[PDB]
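Novice: Sequence and experimental coordinates follow.
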Amino acid sequence: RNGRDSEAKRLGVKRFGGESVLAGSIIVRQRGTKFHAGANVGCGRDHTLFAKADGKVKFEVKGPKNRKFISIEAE
Amino acid sequence: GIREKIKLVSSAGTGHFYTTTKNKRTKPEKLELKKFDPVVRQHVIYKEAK
Amino acid sequence: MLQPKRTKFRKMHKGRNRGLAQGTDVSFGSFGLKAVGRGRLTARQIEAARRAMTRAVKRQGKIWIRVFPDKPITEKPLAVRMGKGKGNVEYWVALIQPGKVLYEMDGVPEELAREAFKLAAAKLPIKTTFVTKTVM
Amino acid sequence: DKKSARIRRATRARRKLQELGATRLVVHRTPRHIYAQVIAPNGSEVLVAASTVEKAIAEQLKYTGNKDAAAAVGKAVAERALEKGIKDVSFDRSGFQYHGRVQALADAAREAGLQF
Amino acid sequence: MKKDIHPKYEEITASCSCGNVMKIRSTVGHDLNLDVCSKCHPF
Amino acid sequence: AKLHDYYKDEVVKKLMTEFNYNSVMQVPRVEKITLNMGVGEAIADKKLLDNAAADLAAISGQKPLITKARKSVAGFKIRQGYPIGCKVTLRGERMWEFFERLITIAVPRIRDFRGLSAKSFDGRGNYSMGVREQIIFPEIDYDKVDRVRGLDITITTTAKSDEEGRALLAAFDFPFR
RNA sequence: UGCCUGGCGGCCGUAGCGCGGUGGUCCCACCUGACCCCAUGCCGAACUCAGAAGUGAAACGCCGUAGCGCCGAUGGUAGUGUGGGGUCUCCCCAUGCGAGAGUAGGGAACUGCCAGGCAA
RNA sequence: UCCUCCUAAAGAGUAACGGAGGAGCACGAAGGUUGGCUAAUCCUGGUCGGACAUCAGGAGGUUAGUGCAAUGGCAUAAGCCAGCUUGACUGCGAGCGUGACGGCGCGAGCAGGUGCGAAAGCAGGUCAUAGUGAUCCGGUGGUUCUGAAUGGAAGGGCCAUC
RNA sequence: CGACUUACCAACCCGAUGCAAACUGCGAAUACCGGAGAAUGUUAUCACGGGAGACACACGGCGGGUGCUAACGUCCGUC
């Protein structure tokens, strides 16, 4: 009675650390918030992370819970 | 799908209306939301209707 | 007939038996039977070997079983075409890698221990050897 | 714990101001000597501070830790900020209800030039 | 202390049989008559 | 309030001498009292909750609040968020007058009295007890009520253990039979 | 410049827990009252206002202690890219990368800005 | 047909009559904002009350909860309570993700007019991921856009919707 | 109403030993994305236009599902 499946949602990181992006570009597609928005990064209703400014994207770990953050520096 | 669709008609003379859904079994009274009417470009009271 | 209780899933993938054994040392008794070959032991084989030693030692000492099946195996019924879903679970097997200690034992002389393990190994499908508890 | 509850209360506001990147007026209130500070957006340096703990401001008001004290400190921060140059700031409750002394300090500050 | 939600808490003087009289604020009502108290009792 | 002055007059000294503490605040002191009434039969007749709350307002000096079930359990046929009891917590000054009414007019009027228990301690310094009937308190006329349901009392203090809590209560001439 | 104290950070368990000691000149906390401001799905509990008597008990800060958590080598082992070999449902050789766990050990923090008291 | 996990070989994708489960909704609030709050499970004392109702204290730190299966996420809570409300708004939309295509998804910002807050600010539905059906034909309301000699009308077009 | 023993059943925990595609307090090698640089390659790259064929694949190595770790079996990934 098996045989059912769902179409893959093509999640994952779209832009990796150290590459320039344009404002509004999608950086990470995720179900929850595995990565939290940092500086110049906005979070969508579906927890999508997009660039709010033009620059280089970088990843880092911050906070007491060592949770991962994505930031953008104007470079 | 017991929930059924209704029409919200602006209190102004304009014919603009919104469309939504409601459950008549639980909340049979009318709906009187205050929404934006672009024909007159003002926020007015909208009344439920068919 | 060792078997788990209320396992999470009825069926599981075949997998592979690559790798190397982890429980390679005597931990409970003073003598043990180490696995030299690689393979899988069914629940029936484990029961048969256990009964052989208990009779050999005449219910003297202690017996430790260091392997549990915890892996269902299916088998299609005779005169059944391929497909139409996974087969029904038939028996449970334990994957054995070289160096795995199968049975442990204590409270008997070394001489009597050797024959007891030899009888058990005669009813197993994998090459085995006799080992003694090491000091550290 | 009073402190733990207060920090938990103000964490969301502090994070919101931090990511917004704007100078924030932070006020600390106690049974005596209400404090006030101005913090740069980075949060690493203090532009200017005032309070009723120093004799320069504690030599006039009858008692420190009342409505009059809050107005004096709220006023005191004003001309200091105006003299420094910074005009716009974001008020931070720091977990203190914006009802009494905190409100009085903010009211004195906003009417004294630090509109927010 | 919330208003017009609590029962009246007026003072009232109460005395028992063994001659002990005390004033207590409660909701007993108008008058009270007692026979025993903390003392003068076989506790 | 009278006993509060009595407590502040020499009881603190009595606590001071017996435990010879370093400071004055070290002595245990009561901070609040709590009244509980786990009626339980709201399901059979929820109408009785209001009057069950009413009498607690007679004993207490304020309006009780109705407590709701923490969770639903099939063994009691109770769903989550359903009121199944009421409680009252009183502190400040009003607790003192109620403490008078309990220690002077209530305990003596216990039907088939035998003595207040002394082993009713939670292990940290808090005292709890229960009563059979309401008529112990003077605020019941025996004609306006027709129920046998009782209530529970609990007094909590700043004691770090039972020994000082028992000693503090003994200073309040508790029976402790 | 130093012992301290409060606030805002950096950094985030070598930074966190447990046990013992230590602090009231200021600051902090507890604490008195609350008619008024304010609040309790009841309570000055919590929040808020008017105060400073008393206190360092609790909490908080600092010191000591490894009793835990935590960090952690070197070596070896497992795995593995590429090219070969075997008694090929698993392994070995040459070369490159190289864990996890464990062991020796480390460890009971460091640091920037502002404000206040004492000694300087 | 659609959703979640595994198979799937640490980017994405990836088959089988392979192994497990769900959906064809619900909600004018379960939405927006402001303010406040922080579980499960155990130990001790206490009337009915009893292992399991409610009260008090202690260990615990999220094993709780999150309208609905699963995965990911959630203390700044996305979890729980209350006040005021309709941003579940209109016209757009830089720039991206995803598809052979039809299409689907995210979105700063601008104009108009609103709600909450002292304010900075948040709000273009709901913690996210299922709750859905192209085109044709026809119905309803608005709009001189058109309206085959002219003025109208019928019928079409455009917009909203069935 | 105090209270006690046990040749006998046993929860939760502690010490040691294992197992897991649908467990993860850890975590590679490769692969993939982006940037800089030299050499090399008949632009090997991308965009647009004209014309196609093909959409029955097979075996071998490696990682797997299925089958009996059977099949010159069957179904995927990569060469």
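Specialist: Structure received. Numbers count the residues shown, from 1 in each chain, chains lettered A, B, ... in the order given.

Novice: contacts, neighbours, all on C-alpha from now
Specialist: Noted.

Novice: Tally up the residues packed near residue E:29, please.
Specialist: For residue E:29, the count of nearby residues is 13 (other Cα atoms under 10 Å in any protein chain shown).

Novice: Count the neighbours of whichever residue of chain D sits closest to RNA strand H for me.
Specialist: At 3.5 Å from RNA strand H, residue D:12 is the closest residue in chain D, using Cα to the nearest atom of the strand. By the criterion of other Cα under 10 Å, residue D:12 has 12 neighbours.

Novice: can you tell if the helix or strand hosting residue F:86 touches chain E?
Specialist: In this structure, residue F:86 sits in strand F:83-91 according to DSSP states H and E. No - using Cα under 8 Å from any Cα of the partner chain, strand F:83-91 stays clear of chain E, coming no nearer than 11.5 Å.

Novice: Using PDB, write out every CA atom in that strand.
Specialist: What follows is strand F:83-91, C-alpha atoms only, in PDB (Å, rounded to 0.1, in the frame of the first residue of the first chain):
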ATOM      1  CA  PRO F  83     -12.600  24.500  35.500                       C
ATOM      2  CA  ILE F  84     -12.400  21.800  38.200                       C
ATOM      3  CA  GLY F  85     -11.400  23.800  41.300                       C
ATOM      4  CA  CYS F  86     -10.900  27.200  42.900                       C
ATOM      5  CA  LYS F  87      -8.100  28.700  45.100                       C
ATOM      6  CA  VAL F  88      -7.300  31.800  47.000                       C
ATOM      7  CA  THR F  89      -3.900  33.300  47.900                       C
ATOM      8  CA  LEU F  90      -3.800  36.100  50.500                       C
ATOM      9  CA  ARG F  91      -0.800  38.000  51.700                       C
END
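
Novice: So which elements touch it?
Specialist: strand F:30-37, helix F:48-59, strand F:65-68 (3 or more Cα pairs under 8 Å, 6 or more residues apart in numbering or on different chains; DSSP states H and E).

Novice: nearest to RNA strand G, of the ones you listed?
Specialist: Of the helices and strands packed on strand F:83-91, nearest to RNA strand G by Cα to the nearest atom of the strand is strand F:65-68, at 4.6 Å.

Novice: Can you tell me which residues in chain A are near RNA strand G?
Specialist: Residues of chain A that fall close to RNA strand G, judged by Cα under 7 Å from any atom of the strand: A:61-66.

Novice: who are the neighbours in contact with the residue lying closest to residue C:20 once chain neighbours are set aside?
Specialist: Leaving aside its chain neighbours, residue C:20 sits nearest to residue C:97 (5.4 Å; criterion: Cα to Cα, 6 or more residues apart in numbering or on different chains). Going by Cα atoms under 8 Å, 6 or more residues apart in numbering or on different chains, residue C:97 touches C:17-21, C:35-39.

Novice: which of those residues lies closest to residue F:119?
Specialist: Taking Cα to Cα as the measure, residue F:119 lies nearest residue C:21 of the contacts of residue C:97, at 59.1 Å.

Novice: residues in contact with the residue of chain E found nearest RNA strand H?
Specialist: Nearest residue of chain E to RNA strand H: residue E:2, at 15.3 Å (Cα to the nearest atom of the strand). Applying Cα under 8 Å, 6+ apart to residue E:2 gives no contacts.

Novice: Please name the bridge partners of the residue minimising distance to the centre of chain F.
Specialist: For chain F, the residue nearest the mean C-alpha position is residue F:153 (2.4 Å; Cα atoms, centre = their mean). For residue F:153, the beta-bridge partners under DSSP bridges are residue F:35, residue F:129.

Novice: Now that it has come up, it's in contact with residue F:36, right?
Specialist: Yes - the criterion here is Cα atoms under 8 Å, and residue F:153 meets it with residue F:36 at 6.5 Å.

Novice: Give the buried residues for the helix ranked longest in chain C.
Specialist: Ranked by residue count under DSSP state H, the longest helix found in chain C is helix C:43-57. Judged by neighbour count (16 or more other Cα atoms under 10 Å in any protein chain shown), helix C:43-57 contains these buried residues: C:43, C:45-46, C:49-50, C:52-54, C:56-57.

Novice: Would you map the strands across chain E?
Specialist: E:11-15, E:21-25 (DSSP state E).

Novice: mind checking how far the residue of chain F positioned farthest from its centre is from residue C:123?
Specialist: What lies farthest from the middle of chain F is residue F:22; by Cα atoms, centre = their mean that is 30.8 Å. Here the criterion is Cα to Cα, to the nearest Å. By it, residue F:22 lies 78 Å from residue C:123.

Novice: what do you get for residue D:82?
Specialist: 94 Å.

Novice: Likewise for residue C:46?
Specialist: Distance, residue C:46 to residue C:123, using Cα to Cα: 9 Å.

Novice: ok, now residue B:19?
Specialist: Distance from residue B:19 to residue C:123, by Cα to Cα: 78 Å.

Novice: residue ranges for the helices of chain F, please.
Specialist: Counting by DSSP H, chain F has these helices, from start to end: F:2-6, F:12-19, F:48-59, F:94-101, F:162-171.

Novice: quick one: is stretch A:68-75 near RNA strand H?
Specialist: No - using Cα under 7 Å from any atom of the strand, stretch A:68-75 stays clear of RNA strand H, coming no nearer than 8.7 Å.

Novice: neighbouring contacts of that stretch?
Specialist: Contacts of stretch A:68-75 with the rest of the structure, by Cα under 8 Å, 6+ apart, involve A:34-41, A:51, A:53-62.

Novice: Which of those fall within strands?
Specialist: If you go by DSSP E, the contacts of stretch A:68-75 have A:35-37, A:41, A:51, A:55-62 in strands.

Novice: Of these, which ones also sit close to chain E?
Specialist: Okay, of these, nothing touches chain E (Cα under 8 Å from any Cα).

Novice: who wins for neighbours among the residues you listed?
Specialist: Within those, most neighbours by other Cα under 10 Å means residue A:51, with 26 neighbours.

Novice: Name the residue of chain D with the shortest distance to chain F.
Specialist: Per Cα to the nearest Cα, residue D:1 is where chain D lies closest to chain F, at 16.4 Å.

Novice: and that residue, how far is that from residue D:95?
Specialist: Counting by Cα to Cα, the gap from residue D:1 to residue D:95 is 13 Å.

Novice: which residue does chain A bring closest to chain F?
Specialist: Ranked by Cα to the nearest Cα, the top residue of chain A for proximity to chain F is residue A:32, at 28.7 Å.

Novice: what do you get for chain C?
Specialist: In chain C, the residue that lies nearest chain F is residue C:6 (24.7 Å; Cα to the nearest Cα).

Novice: just chain B next, same as before
Specialist: residue B:26 (20.8 Å).

Novice: Can you report how many residues lie near that residue?
Specialist: So residue B:26, with other Cα under 10 Å, has 7 neighbours.

Novice: residues contacting it?
Specialist: With contact set as Cα under 8 Å, 6+ apart, residue B:26 has no partners.

Novice: can you confirm it is in a helix?
Specialist: No - membership of residue B:26 in a helix is not supported by DSSP: H, G, I helix; E, B strand; the rest coil, which gives coil.
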